[PDB]
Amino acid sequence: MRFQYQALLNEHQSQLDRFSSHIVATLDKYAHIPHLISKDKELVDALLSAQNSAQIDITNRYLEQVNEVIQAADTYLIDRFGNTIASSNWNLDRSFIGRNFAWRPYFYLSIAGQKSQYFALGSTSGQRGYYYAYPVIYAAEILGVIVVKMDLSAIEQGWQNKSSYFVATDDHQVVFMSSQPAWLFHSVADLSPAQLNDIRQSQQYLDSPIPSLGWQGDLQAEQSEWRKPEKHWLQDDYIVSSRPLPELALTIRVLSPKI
């Protein structure tokens, strides 16, 4: 079987190439949309007359149309103070209208004039998403931020292997996407109270308890093994190959049971 270990690592490299490709192709359908619509009349006019209900009506219906064309979860416009003033979900139970997101990194970074991206557990929706944001600029001034939130299903559904698993981990090794849903919002390895407090303060996963999956291993290695404490009652160990995707601040990992 060890006569098969290198071959498995080689196959892992191909799986990571194919999945990373799928991820990039899927995100590419949404990444440029905030810039595309950012200066559109409907968005700028709303930011300039945010308390004009007829204008907000026009802008809400436009964002709803855009959101349907791109098949995103939500597309919404935020003023320069962080308040959502128009949104594709204005007519849904999860309406973001009136909610303030100045505390979210995608708003903090984009109101400073740059494009930004982020992933999180949605605070109003309760749904995970990948977020792209872009500043709305008119007459050389930043007036607000436009955001597109993408549901993660098409990415997770692209993992079709039935003999291996994948997880996408953030910088604290918290599992944000996975082919095993039970591992979502758990860390790969134990975290200290201080680390858990930092995650909680960021609100990236809201108030989610972040339990530990308890694996041990070199989480910084491209090719490694994850094991449980010796003599533990379940030794579900794995051969694990990892591929960081810096732009996304996520590392993709493929896990194959060892033996």
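When you see a residue number, it is the position in the sequence shown, counting from 1.
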{"property": "157-165 versus 106-114 - greater average Cα B-factor per the deposited record", "result": "157-165"}
{"property": "Of 68-76 and 182-190, the stretch whose C-alpha atoms average the higher B-factor in the entry", "result": "182-190"}
{"property": "Most elevated Cα B-factor in the entry, residues 251, 15, 241, 235", "result": "235"}
{"property": "Most elevated Cα B-factor in the entry, residues 172, 128, 99, 94", "result": "172"}
{"property": "Entry-reported Cα temperature factor of residue 140, expressed as the chain third it lands in", "result": "highest"}
{"property": "Position of residue 224 among the chain's modelled residues by C-alpha B-factor, lowest, middle or highest third", "result": "middle"}
{"property": "Residue 120 - Cα temperature factor, lowest/middle/highest third of chain", "result": "middle"}
{"property": "Record-listed C-alpha B factor of residue 259: chain third", "result": "highest"}
{"property": "Residue 9 - Cα temperature factor, lowest/middle/highest third of chain", "result": "lowest"}
